[PDB]
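Visitor: Dropping in start-v5.cif, which is mmCIF, C-alpha atoms and all ligand atoms:
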```
data_target
#
loop_
_atom_site.label_atom_id
_atom_site.label_comp_id
_atom_site.auth_asym_id
_atom_site.auth_seq_id
_atom_site.Cartn_x
_atom_site.Cartn_y
_atom_site.Cartn_z
CA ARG A 1019 24.67 10.64 10.04
CA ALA A 1020 23.32 13.21 7.57
CA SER A 1021 23.42 10.65 4.77
CA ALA A 1022 21.74 8.09 7.01
CA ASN A 1023 18.88 10.48 7.74
CA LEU A 1024 18.48 10.92 3.99
CA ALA A 1025 18.40 7.14 3.65
CA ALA A 1026 15.75 6.76 6.34
CA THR A 1027 13.59 9.39 4.69
CA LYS A 1028 13.92 7.60 1.35
CA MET A 1029 13.00 4.28 2.94
CA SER A 1030 9.98 5.75 4.69
CA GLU A 1031 8.62 7.54 1.64
CA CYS A 1032 9.74 5.74 -1.53
CA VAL A 1033 9.19 2.21 -0.22
CA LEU A 1034 6.33 2.46 2.24
CA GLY A 1035 4.25 4.73 0.04
CA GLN A 1036 4.08 6.65 -3.19
CA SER A 1037 5.62 10.11 -3.23
CA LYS A 1038 4.72 12.84 -5.67
CA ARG A 1039 7.98 14.73 -5.30
CA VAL A 1040 9.55 14.67 -8.74
CA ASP A 1041 12.98 13.00 -8.96
CA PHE A 1042 13.04 12.15 -5.26
CA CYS A 1043 12.78 8.42 -5.94
CA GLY A 1044 14.71 8.28 -9.19
CA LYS A 1045 14.14 9.56 -12.70
CA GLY A 1046 10.63 9.54 -14.09
CA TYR A 1047 7.20 9.13 -12.54
CA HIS A 1048 7.63 7.05 -9.40
CA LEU A 1049 5.76 3.80 -9.01
CA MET A 1050 7.48 1.95 -6.16
CA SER A 1051 10.73 0.85 -4.61
CA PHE A 1052 12.41 -2.22 -3.21
CA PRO A 1053 15.26 -2.16 -0.70
CA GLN A 1054 18.24 -4.47 -0.59
CA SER A 1055 20.80 -4.79 2.16
CA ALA A 1056 24.45 -4.04 1.53
CA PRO A 1057 27.66 -4.02 3.58
CA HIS A 1058 27.35 -0.84 5.64
CA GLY A 1059 24.57 0.42 3.42
CA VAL A 1060 21.34 0.06 1.53
CA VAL A 1061 20.52 -0.17 -2.16
CA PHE A 1062 17.18 1.01 -3.48
CA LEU A 1063 15.70 -0.28 -6.71
CA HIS A 1064 13.23 2.33 -7.91
CA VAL A 1065 10.55 1.23 -10.36
CA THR A 1066 9.42 4.17 -12.47
CA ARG B 1019 21.41 23.46 13.53
CA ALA B 1020 20.55 20.40 11.45
CA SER B 1021 17.93 19.42 14.02
CA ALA B 1022 16.56 22.96 14.03
CA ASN B 1023 16.12 23.01 10.26
CA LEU B 1024 14.36 19.65 10.45
CA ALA B 1025 12.00 20.92 13.15
CA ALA B 1026 11.31 24.05 11.11
CA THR B 1027 10.32 21.95 8.11
CA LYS B 1028 8.15 19.82 10.40
CA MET B 1029 6.30 22.89 11.60
CA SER B 1030 5.98 24.37 8.13
CA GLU B 1031 4.48 21.18 6.72
CA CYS B 1032 2.80 19.10 9.43
CA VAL B 1033 1.26 22.02 11.32
CA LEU B 1034 0.32 24.77 8.90
CA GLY B 1035 -1.14 22.22 6.51
CA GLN B 1036 -1.73 18.58 5.75
CA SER B 1037 1.10 16.51 4.31
CA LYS B 1038 0.82 13.32 2.28
CA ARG B 1039 4.34 12.14 3.07
CA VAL B 1040 3.92 8.91 5.00
CA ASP B 1041 5.63 8.80 8.43
CA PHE B 1042 6.66 12.42 8.20
CA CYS B 1043 4.05 13.60 10.68
CA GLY B 1044 3.87 10.47 12.78
CA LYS B 1045 2.83 6.88 12.22
CA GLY B 1046 -0.43 6.54 10.31
CA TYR B 1047 -2.47 8.72 7.99
CA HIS B 1048 -1.82 12.29 9.07
CA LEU B 1049 -4.71 14.60 9.87
CA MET B 1050 -3.33 17.59 11.78
CA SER B 1051 -0.88 18.74 14.39
CA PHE B 1052 -0.35 21.04 17.35
CA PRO B 1053 2.89 22.49 18.70
CA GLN B 1054 3.87 23.07 22.33
CA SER B 1055 6.95 24.83 23.68
CA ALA B 1056 9.48 23.14 25.96
CA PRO B 1057 12.69 24.50 27.52
CA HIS B 1058 15.06 24.67 24.55
CA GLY B 1059 12.81 22.47 22.45
CA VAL B 1060 9.52 21.86 20.76
CA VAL B 1061 6.98 19.08 21.23
CA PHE B 1062 4.52 18.23 18.49
CA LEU B 1063 1.30 16.36 18.99
CA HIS B 1064 0.28 14.68 15.76
CA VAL B 1065 -3.39 13.79 15.41
CA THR B 1066 -3.43 10.83 13.04
CA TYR B 1067 -5.96 8.35 11.70
CA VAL B 1068 -5.59 4.57 11.98
CA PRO B 1069 -8.20 2.08 10.69
CA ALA B 1070 -9.22 -1.16 12.38
CA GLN B 1071 -11.78 -4.00 12.21
CA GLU B 1072 -11.05 -5.49 8.81
CA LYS B 1073 -12.98 -8.28 7.12
CA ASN B 1074 -12.57 -10.76 4.25
CA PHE B 1075 -13.94 -10.04 0.80
CA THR B 1076 -13.87 -11.56 -2.67
CA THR B 1077 -13.06 -9.12 -5.43
CA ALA B 1078 -12.90 -8.70 -9.19
CA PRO B 1079 -11.20 -5.98 -11.21
CA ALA B 1080 -13.88 -5.36 -13.83
CA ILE B 1081 -17.40 -6.36 -14.87
CA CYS B 1082 -18.55 -7.54 -18.31
CA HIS B 1083 -22.22 -6.57 -18.45
CA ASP B 1084 -23.29 -6.34 -22.11
CA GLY B 1085 -20.00 -7.32 -23.69
CA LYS B 1086 -18.48 -4.12 -22.33
CA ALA B 1087 -16.12 -3.98 -19.37
CA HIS B 1088 -17.08 -1.62 -16.56
CA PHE B 1089 -14.36 -0.16 -14.44
CA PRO B 1090 -15.03 1.38 -11.03
CA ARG B 1091 -14.59 5.12 -10.90
CA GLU B 1092 -13.13 5.58 -7.42
CA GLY B 1093 -13.04 2.50 -5.26
CA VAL B 1094 -13.28 -1.24 -5.77
CA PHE B 1095 -15.79 -3.97 -6.49
CA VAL B 1096 -16.41 -6.36 -3.63
CA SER B 1097 -18.63 -9.38 -3.29
CA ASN B 1098 -19.89 -10.72 0.00
CA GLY B 1099 -20.92 -14.08 -1.41
CA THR B 1100 -24.15 -13.23 -3.18
CA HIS B 1101 -24.11 -9.74 -4.72
CA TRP B 1102 -21.65 -7.16 -5.91
CA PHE B 1103 -21.00 -3.69 -4.57
CA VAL B 1104 -18.81 -0.65 -5.10
CA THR B 1105 -17.02 0.78 -2.12
CA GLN B 1106 -14.28 3.25 -1.41
CA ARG B 1107 -10.83 2.16 -0.45
CA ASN B 1108 -10.65 2.84 3.28
CA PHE B 1109 -14.13 2.43 4.76
CA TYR B 1110 -16.57 -0.37 4.07
CA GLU B 1111 -19.71 1.08 2.57
CA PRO B 1112 -21.56 -0.89 -0.13
CA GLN B 1113 -23.56 0.64 -2.95
CA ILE B 1114 -25.40 -0.72 -5.94
CA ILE B 1115 -23.29 -0.71 -9.08
CA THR B 1116 -24.48 2.12 -11.30
CA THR B 1117 -23.62 3.82 -14.53
CA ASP B 1118 -22.63 6.65 -12.19
CA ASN B 1119 -20.22 4.38 -10.32
CA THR B 1120 -18.35 2.82 -13.24
CA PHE B 1121 -17.40 3.70 -16.77
CA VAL B 1122 -17.13 1.74 -19.98
CA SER B 1123 -13.77 1.02 -21.61
CA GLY B 1124 -12.96 -1.54 -24.29
CA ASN B 1125 -14.15 -5.12 -24.70
CA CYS B 1126 -14.35 -7.70 -21.93
CA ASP B 1127 -12.16 -10.38 -23.54
CA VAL B 1128 -8.76 -8.81 -22.84
CA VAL B 1129 -8.83 -8.17 -19.10
CA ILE B 1130 -7.95 -11.27 -17.09
CA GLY B 1131 -10.50 -12.58 -14.63
CA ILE B 1132 -13.57 -10.47 -15.36
CA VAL B 1133 -16.84 -11.40 -13.64
CA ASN B 1134 -20.27 -11.45 -15.25
CA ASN B 1135 -22.96 -9.41 -13.48
CA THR B 1136 -25.60 -6.76 -14.15
CA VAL B 1137 -25.30 -2.97 -14.22
CA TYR B 1138 -28.26 -0.90 -13.03
CA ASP B 1139 -28.85 2.37 -14.69
CA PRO B 1140 -31.71 4.52 -13.32
CA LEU B 1141 -32.82 5.37 -16.87
CA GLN B 1142 -34.49 2.16 -18.06
CA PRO B 1143 -36.85 2.00 -15.02
CA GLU B 1144 -37.42 5.75 -15.49
CA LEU B 1145 -38.53 5.19 -19.08
CA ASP B 1146 -40.44 1.96 -18.45
CA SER B 1147 -42.44 3.42 -15.56
CA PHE B 1148 -43.85 6.01 -17.96
CA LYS B 1149 -44.32 3.27 -20.57
CA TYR C 873 14.08 -7.06 8.06
CA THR C 874 14.67 -6.58 4.35
CA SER C 875 12.72 -9.76 3.61
CA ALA C 876 9.92 -8.52 5.85
CA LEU C 877 9.76 -5.19 4.03
CA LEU C 878 9.65 -6.92 0.65
CA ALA C 879 6.92 -9.27 1.88
CA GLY C 880 4.80 -6.39 3.12
CA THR C 881 5.27 -4.42 -0.10
CA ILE C 882 4.48 -7.25 -2.49
CA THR C 883 1.46 -8.52 -0.60
CA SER C 884 -0.10 -5.54 1.12
CA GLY C 885 0.36 -2.37 -0.87
CA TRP C 886 1.09 0.68 1.24
CA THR C 887 -1.63 -0.10 3.76
CA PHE C 888 0.65 -1.95 6.15
CA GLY C 889 2.76 1.15 6.66
CA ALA C 890 0.03 3.00 8.51
CA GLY C 891 -1.80 0.21 10.31
CA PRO C 892 -2.67 -3.46 10.10
CA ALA C 893 -1.60 -5.43 7.04
CA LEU C 894 -4.31 -6.04 4.44
CA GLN C 895 -3.85 -8.43 1.57
CA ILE C 896 -4.66 -7.21 -1.92
CA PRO C 897 -4.02 -8.78 -5.34
CA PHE C 898 -0.85 -7.46 -6.89
CA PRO C 899 -2.08 -6.10 -10.27
CA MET C 900 -4.88 -4.40 -8.36
CA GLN C 901 -2.12 -2.67 -6.42
CA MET C 902 -0.42 -1.73 -9.68
CA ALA C 903 -3.74 -0.29 -10.86
CA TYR C 904 -3.86 1.92 -7.79
CA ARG C 905 -0.30 3.04 -8.42
CA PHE C 906 -1.21 4.10 -11.96
CA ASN C 907 -4.19 5.93 -10.49
CA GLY C 908 -1.64 7.70 -8.33
CA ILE C 909 0.05 9.23 -11.37
CA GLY C 910 -3.01 10.37 -13.29
CA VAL C 911 -3.23 7.33 -15.57
CA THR C 912 -6.65 5.70 -15.70
CA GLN C 913 -6.42 2.09 -14.52
CA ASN C 914 -7.85 0.54 -17.69
CA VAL C 915 -4.47 1.16 -19.31
CA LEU C 916 -3.06 -1.58 -17.10
CA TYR C 917 -5.74 -4.23 -17.49
CA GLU C 918 -5.41 -4.22 -21.26
CA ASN C 919 -1.63 -4.60 -21.24
CA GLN C 920 -0.69 -6.76 -18.27
CA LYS C 921 1.68 -9.40 -19.64
CA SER D 689 14.65 -15.23 42.25
CA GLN D 690 15.67 -12.13 40.32
CA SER D 691 18.89 -12.24 38.30
CA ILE D 692 20.57 -11.18 35.06
CA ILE D 693 19.87 -12.96 31.78
CA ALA D 694 21.36 -12.75 28.30
CA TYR D 695 19.50 -13.59 25.13
CA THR D 696 19.35 -13.34 21.36
CA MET D 697 17.16 -10.43 20.26
CA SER D 698 13.65 -11.07 19.05
CA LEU D 699 13.00 -8.70 16.16
CA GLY D 700 9.23 -8.91 16.33
CA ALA D 701 6.21 -11.12 16.09
CA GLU D 702 6.02 -13.33 13.03
CA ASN D 703 2.91 -12.66 11.01
CA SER D 704 1.94 -14.44 7.81
CA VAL D 705 -0.93 -13.00 5.82
CA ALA D 706 -3.22 -15.04 3.56
CA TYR D 707 -2.37 -13.69 0.15
CA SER D 708 -4.48 -14.76 -2.80
CA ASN D 709 -5.18 -13.47 -6.25
CA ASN D 710 -8.79 -12.60 -5.42
CA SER D 711 -9.04 -11.51 -1.78
CA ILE D 712 -9.15 -8.03 -0.26
CA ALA D 713 -9.22 -6.88 3.36
CA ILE D 714 -11.28 -3.74 3.97
CA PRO D 715 -11.38 -1.92 7.34
CA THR D 716 -14.67 -1.10 8.98
CA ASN D 717 -13.77 0.87 12.11
CA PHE D 718 -11.18 3.58 12.74
CA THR D 719 -9.43 5.24 15.65
CA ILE D 720 -8.03 8.72 16.11
CA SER D 721 -4.67 8.62 17.83
CA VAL D 722 -2.41 11.33 19.18
CA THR D 723 1.32 10.75 19.17
CA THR D 724 4.01 12.96 20.63
CA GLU D 725 7.34 13.91 19.13
CA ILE D 726 10.15 15.92 20.71
CA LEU D 727 12.87 17.88 18.94
CA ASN E 777 21.48 5.14 12.72
CA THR E 778 21.22 1.50 11.65
CA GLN E 779 18.19 0.89 13.84
CA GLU E 780 16.36 4.04 12.77
CA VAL E 781 16.94 3.35 9.07
CA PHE E 782 15.85 -0.28 9.24
CA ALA E 783 13.61 -0.99 12.25
CA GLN E 784 10.41 0.45 10.84
CA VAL E 785 7.88 -2.39 11.08
CA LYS E 786 6.78 -4.27 14.16
CA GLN E 787 5.64 -7.52 12.66
CA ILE E 788 7.88 -9.78 10.61
CA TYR E 789 6.06 -10.95 7.53
CA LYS E 790 6.65 -13.71 5.01
CA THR E 791 5.62 -14.26 1.44
CA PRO E 792 3.32 -17.20 0.68
CA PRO E 793 4.97 -20.20 -1.01
CA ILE E 794 2.68 -19.89 -4.05
CA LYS E 795 3.82 -17.37 -6.62
CA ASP E 796 0.51 -16.46 -8.28
CA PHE E 797 1.43 -12.85 -8.93
CA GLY E 798 -0.31 -12.50 -12.27
CA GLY E 799 2.90 -12.70 -14.31
CA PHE E 800 5.45 -10.76 -12.30
CA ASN E 801 8.52 -12.76 -11.29
CA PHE E 802 10.28 -11.50 -8.16
CA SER E 803 12.75 -14.40 -8.13
CA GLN E 804 15.78 -12.12 -7.93
CA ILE E 805 14.97 -10.07 -4.83
CA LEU E 806 13.20 -12.73 -2.84
CA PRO E 807 15.36 -14.65 -0.36
CA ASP E 808 16.74 -18.00 -1.50
CA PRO E 809 16.23 -20.84 1.02
CA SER E 810 19.01 -22.95 -0.53
CA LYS E 811 21.78 -20.90 1.12
CA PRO E 812 22.98 -20.54 4.73
CA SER E 813 22.57 -16.80 4.28
CA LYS E 814 18.94 -16.53 3.19
CA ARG E 815 19.67 -13.70 0.80
CA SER E 816 18.56 -12.77 -2.68
CA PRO E 817 21.26 -13.31 -5.34
CA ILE E 818 21.39 -9.56 -5.86
CA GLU E 819 22.59 -9.33 -2.26
CA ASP E 820 25.11 -12.04 -3.11
CA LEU E 821 26.55 -9.97 -5.97
CA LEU E 822 26.61 -6.95 -3.65
CA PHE E 823 28.51 -8.91 -1.02
CA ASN E 824 30.96 -10.38 -3.50
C1 LIG A 1201 -9.78 -14.64 5.59
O1 LIG A 1201 -9.96 -16.04 5.32
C2 LIG A 1201 -8.81 -16.86 5.57
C3 LIG A 1201 -9.18 -18.27 5.16
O2 LIG A 1201 -10.53 -18.32 4.69
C4 LIG A 1201 -8.41 -16.75 7.04
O3 LIG A 1201 -7.23 -17.51 7.27
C5 LIG A 1201 -8.17 -15.30 7.40
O4 LIG A 1201 -7.90 -15.19 8.80
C6 LIG A 1201 -9.39 -14.44 7.05
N1 LIG A 1201 -9.13 -13.04 7.33
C7 LIG A 1201 -9.45 -12.46 8.49
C8 LIG A 1201 -9.11 -11.01 8.62
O5 LIG A 1201 -10.00 -13.08 9.40
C1 LIG A 1202 -6.38 -17.39 -8.94
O1 LIG A 1202 -5.63 -18.58 -8.68
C2 LIG A 1202 -6.39 -19.78 -8.88
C3 LIG A 1202 -5.55 -20.93 -8.38
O2 LIG A 1202 -6.33 -22.10 -8.27
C4 LIG A 1202 -6.74 -19.89 -10.35
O3 LIG A 1202 -7.49 -21.08 -10.56
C5 LIG A 1202 -7.55 -18.67 -10.77
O4 LIG A 1202 -7.77 -18.70 -12.17
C6 LIG A 1202 -6.83 -17.37 -10.40
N1 LIG A 1202 -7.69 -16.23 -10.64
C7 LIG A 1202 -7.73 -15.58 -11.80
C8 LIG A 1202 -8.68 -14.42 -11.88
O5 LIG A 1202 -7.03 -15.91 -12.75
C1 LIG A 1203 11.94 -16.04 -12.75
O1 LIG A 1203 13.08 -15.75 -13.57
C2 LIG A 1203 14.17 -16.68 -13.46
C3 LIG A 1203 15.27 -16.16 -14.34
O2 LIG A 1203 15.18 -16.72 -15.65
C4 LIG A 1203 13.69 -18.07 -13.86
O3 LIG A 1203 14.75 -19.00 -13.68
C5 LIG A 1203 12.49 -18.47 -13.02
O4 LIG A 1203 11.98 -19.72 -13.47
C6 LIG A 1203 11.39 -17.42 -13.11
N1 LIG A 1203 10.28 -17.78 -12.25
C7 LIG A 1203 9.03 -17.93 -12.71
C8 LIG A 1203 8.00 -18.31 -11.69
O5 LIG A 1203 8.75 -17.77 -13.89
#
```
Could you render the structure as structure tokens?
Ligand SMILES: *[C@@H]1O[C@H](CO)[C@@H](O)[C@H](O)[C@H]1NC(C)=O
Ligand SMILES: *[C@@H]1O[C@H](CO)[C@@H](O)[C@H](O)[C@H]1NC(C)=O
Ligand SMILES: *[C@@H]1O[C@H](CO)[C@@H](O)[C@H](O)[C@H]1NC(C)=O

Guide:
Amino acid sequence: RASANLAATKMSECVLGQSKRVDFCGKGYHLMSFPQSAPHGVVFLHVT
Amino acid sequence: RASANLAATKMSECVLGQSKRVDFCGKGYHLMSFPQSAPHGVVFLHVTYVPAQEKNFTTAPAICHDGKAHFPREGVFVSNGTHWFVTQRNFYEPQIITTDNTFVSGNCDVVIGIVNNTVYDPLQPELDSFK
Amino acid sequence: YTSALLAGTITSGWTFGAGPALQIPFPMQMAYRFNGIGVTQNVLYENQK
Amino acid sequence: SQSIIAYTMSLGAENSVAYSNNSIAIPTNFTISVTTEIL
Amino acid sequence: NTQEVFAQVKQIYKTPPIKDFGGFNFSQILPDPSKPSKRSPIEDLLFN
């Protein structure tokens, strides 16, 4: 559940907008993100 | 305890200041917040900002005026069918395209899809009125 | 839901996440994202392909 | 005439937006909303 | 947890059939309509 809350925060900030927190959405200056479904999980592709 | 730490961070960010994290202080653009106390709990009221009444516009990224590409400073070029205007990104408000509203960068053959128009500075009519 | 999220991202920018979905051309969106990181947008329009 | 029904979930309303390479939607009005949240 | 990490939007969108994206090519994360599971091939590698 703790990891899922982290995932929901990442989906709400990295995908739906552009965060200025450094290294929250991967290494480098964050541009955007795309989500992909996975068995029991999610996979983010961060574009930086 | 995990919930309590989350609520503490919510108060320390959404209430004592303005946060830019989307959907951290409620759904929309966050403006401000108020707390209220409940038996063994806290209830926030987020005051947020949501736009409506959108319209259709034709756009262009840059303007080649005298062989030089003008780029808008803060906002976007729009065209309503006949003229061109600069506006900001979240409220429709047209203005005449000025030297104050754009800036010059490079040559207008590289950028894809530029649109020919005119750029009004106030300085040529200022000089020519005295002339 | 994943396909819906990708559709909203690639056609609307971040504006659908706070209200009604607005279309916007995609490299214009990329220009705004460079303006988010302190890079002036004319860097993009010279170097798109 | 009341009874119990079973159904496949509807996720939400389908909404297709007219994308182009040269079209922008700009809002004109705005509303201030207050939402509650309980922890 | 699954609902709060995924159910974040209240209209289901769709990309237009034309792909005039100025040169970007999202062919690997877009869904593929030639499969019974309308998934991107990245999702197919993840599931395999
Ligand atoms: C913009 O124009 C297109 C076609 O011209 C139309 O389908 C669409 O509904 C218009 N946008 C709005 C917000 O009405
Ligand atoms: C937008 O797409 C149309 C498709 O007919 C194309 O003719 C036009 O050149 C494109 N716009 C730009 C600025 O390239
Ligand atoms: C996108 O890339 C794939 C991988 O090579 C290619 O098969 C496809 O034709 C490309 N799509 C476009 C529109 O260029």

Visitor: I need the chain B residues near chain D as a JSON list (two decimals) with C-alpha atoms, keeping the file's coordinate frame; criterion: at most 6 Å, counting all atoms listed in the file.

Guide:
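Output file selection.json is given in full below:
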```json
[["chain", "number", "residue", "atom", "x", "y", "z"],
["B", 1059, "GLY", "CA", 12.81, 22.47, 22.45],
["B", 1060, "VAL", "CA", 9.52, 21.86, 20.76],
["B", 1061, "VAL", "CA", 6.98, 19.08, 21.23],
["B", 1062, "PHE", "CA", 4.52, 18.23, 18.49],
["B", 1063, "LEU", "CA", 1.30, 16.36, 18.99],
["B", 1064, "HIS", "CA", 0.28, 14.68, 15.76],
["B", 1065, "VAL", "CA", -3.39, 13.79, 15.41],
["B", 1066, "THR", "CA", -3.43, 10.83, 13.04],
["B", 1067, "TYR", "CA", -5.96, 8.35, 11.70],
["B", 1068, "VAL", "CA", -5.59, 4.57, 11.98],
["B", 1069, "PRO", "CA", -8.20, 2.08, 10.69],
["B", 1070, "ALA", "CA", -9.22, -1.16, 12.38],
["B", 1071, "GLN", "CA", -11.78, -4.00, 12.21],
["B", 1072, "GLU", "CA", -11.05, -5.49, 8.81],
["B", 1073, "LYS", "CA", -12.98, -8.28, 7.12],
["B", 1074, "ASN", "CA", -12.57, -10.76, 4.25],
["B", 1075, "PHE", "CA", -13.94, -10.04, 0.80],
["B", 1076, "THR", "CA", -13.87, -11.56, -2.67],
["B", 1077, "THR", "CA", -13.06, -9.12, -5.43],
["B", 1109, "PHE", "CA", -14.13, 2.43, 4.76],
["B", 1110, "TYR", "CA", -16.57, -0.37, 4.07]]
```

Visitor: Box for ligand LIG 1202 (chain A) - axis-aligned, 4 Å on each of the six sides, all listed atoms - centre and size in Å to one decimal, as lines of an AutoDock Vina configuration file.

Guide:
```
center_x = -7.1
center_y = -18.3
center_z = -10.5
size_x = 11.1
size_y = 15.7
size_z = 12.5
```

Visitor: Within 12 Å of chain E, which residues of chain B are there when counting only C-alpha atoms? Please give them as a list in words.

Guide: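 Taking only C-alpha atoms into account, residues 1041, 1045, 1129, 1130 and 1131 of chain B sit within 12 Å of chain E.
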
Visitor: I need the residues from that last selection saved to file as a JSON list (two decimals), keeping the file's coordinate frame (with C-alpha atoms), if you can.

Guide:
```json
[["chain", "number", "residue", "atom", "x", "y", "z"],
["B", 1041, "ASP", "CA", 5.63, 8.80, 8.43],
["B", 1045, "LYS", "CA", 2.83, 6.88, 12.22],
["B", 1129, "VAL", "CA", -8.83, -8.17, -19.10],
["B", 1130, "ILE", "CA", -7.95, -11.27, -17.09],
["B", 1131, "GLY", "CA", -10.50, -12.58, -14.63]]
```

Visitor: Show me, as number ranges by chain, the residues of chain A whose atoms get within 9 Å of chain E, using only C-alpha atoms for the distance check.

Guide: A: 1019, 1022-1023, 1025-1027, 1029-1030, 1052-1059

Visitor: May I ask you to extract the residues of chain E within 6 Å of chain D, using only C-alpha atoms, and to give them as a PyMOL selection string?

Guide: chain E and resi 786-790

Visitor: Can you tell me, as a list in words, what residues are no more than 10 Å from residue 785 of chain E when counting only C-alpha atoms, ignoring any on the same chain fewer than 6 positions away?

Guide: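 These residues fall inside the cut-off: residues 873, 876, 877, 880, 888, 889 and 890 of chain C; 699 and 700 of chain D.
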
Visitor: Can you tell me, as a count of residues only, what residues are no more than 9 Å from segment 1043-1046 of chain A when counting only C-alpha atoms, ignoring any on the same chain fewer than 5 positions away?

Guide: 10

Visitor: Name the residues in contact with residue 882 of chain C at a cut-off of 9 Å, using only C-alpha atoms, excluding same-chain residues fewer than 6 positions from it; report them as a PDB file with C-alpha atoms, keeping the file's coordinate frame.

Guide:
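Generated output (part21.pdb):
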```
ATOM      1  CA  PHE C 898      -0.850  -7.460  -6.890  1.00  0.00           C
ATOM      2  CA  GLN C 901      -2.120  -2.670  -6.420  1.00  0.00           C
TER       3      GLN C 901
ATOM      4  CA  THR E 791       5.620 -14.260   1.440  1.00  0.00           C
TER       5      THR E 791
END
```

Visitor: Neighbours of ligand LIG 1203 (chain A) at 12 Å or closer, counting all atoms listed in the file: which residues, as an mmCIF file with C-alpha atoms, in the frame of the given file?

Guide:
```
data_model
loop_
_atom_site.group_PDB
_atom_site.id
_atom_site.type_symbol
_atom_site.label_atom_id
_atom_site.label_comp_id
_atom_site.auth_asym_id
_atom_site.auth_seq_id
_atom_site.Cartn_x
_atom_site.Cartn_y
_atom_site.Cartn_z
ATOM 1 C CA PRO E 793 4.970 -20.200 -1.010
ATOM 2 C CA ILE E 794 2.680 -19.890 -4.050
ATOM 3 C CA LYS E 795 3.820 -17.370 -6.620
ATOM 4 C CA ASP E 796 0.510 -16.460 -8.280
ATOM 5 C CA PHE E 797 1.430 -12.850 -8.930
ATOM 6 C CA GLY E 798 -0.310 -12.500 -12.270
ATOM 7 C CA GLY E 799 2.900 -12.700 -14.310
ATOM 8 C CA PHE E 800 5.450 -10.760 -12.300
ATOM 9 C CA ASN E 801 8.520 -12.760 -11.290
ATOM 10 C CA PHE E 802 10.280 -11.500 -8.160
ATOM 11 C CA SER E 803 12.750 -14.400 -8.130
ATOM 12 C CA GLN E 804 15.780 -12.120 -7.930
ATOM 13 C CA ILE E 805 14.970 -10.070 -4.830
ATOM 14 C CA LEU E 806 13.200 -12.730 -2.840
ATOM 15 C CA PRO E 817 21.260 -13.310 -5.340
#
```

Visitor: Rounded to one decimal, what separation in Å do you get between atom CA of residue 1082 of chain B and atom CA of residue 1132 of chain B?

Guide: 6.5 Å

Visitor: Atom CA of residue 1120 of chain B and atom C3 of ligand LIG 1202 (chain A) are how many Å apart?

Guide: 27.4 Å

Visitor: State, in Å with one decimal place, the distance from atom CA of residue 1024 of chain A to atom CA of residue 1048 of chain B.

Guide: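 For atom CA of residue 1024 of chain A relative to atom CA of residue 1048 of chain B, the distance reads 21.0 Å.
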
Visitor: Please return, as a list in words, all residues of chain B lying within 9 Å of chain A when all atoms listed in the file are considered.

Guide: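 Written out as asked, the residues are residues 1020, 1038, 1039, 1040, 1041 and 1042 of chain B.
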
Visitor: Give me, as an MDAnalysis selection string, the contact residues of chain C against chain B at a cut-off of 12 Å, counting all atoms listed in the file.

Guide: chainID C and resid 886:904 907:908 912:921

Visitor: Which residues are close to segment 1027-1037 of chain B, i.e. within 6 Å by all atoms listed in the file, leaving aside same-chain residues fewer than 3 positions away? Reply as a PyMOL selection string.

Guide: chain B and resi 1024+1043+1051
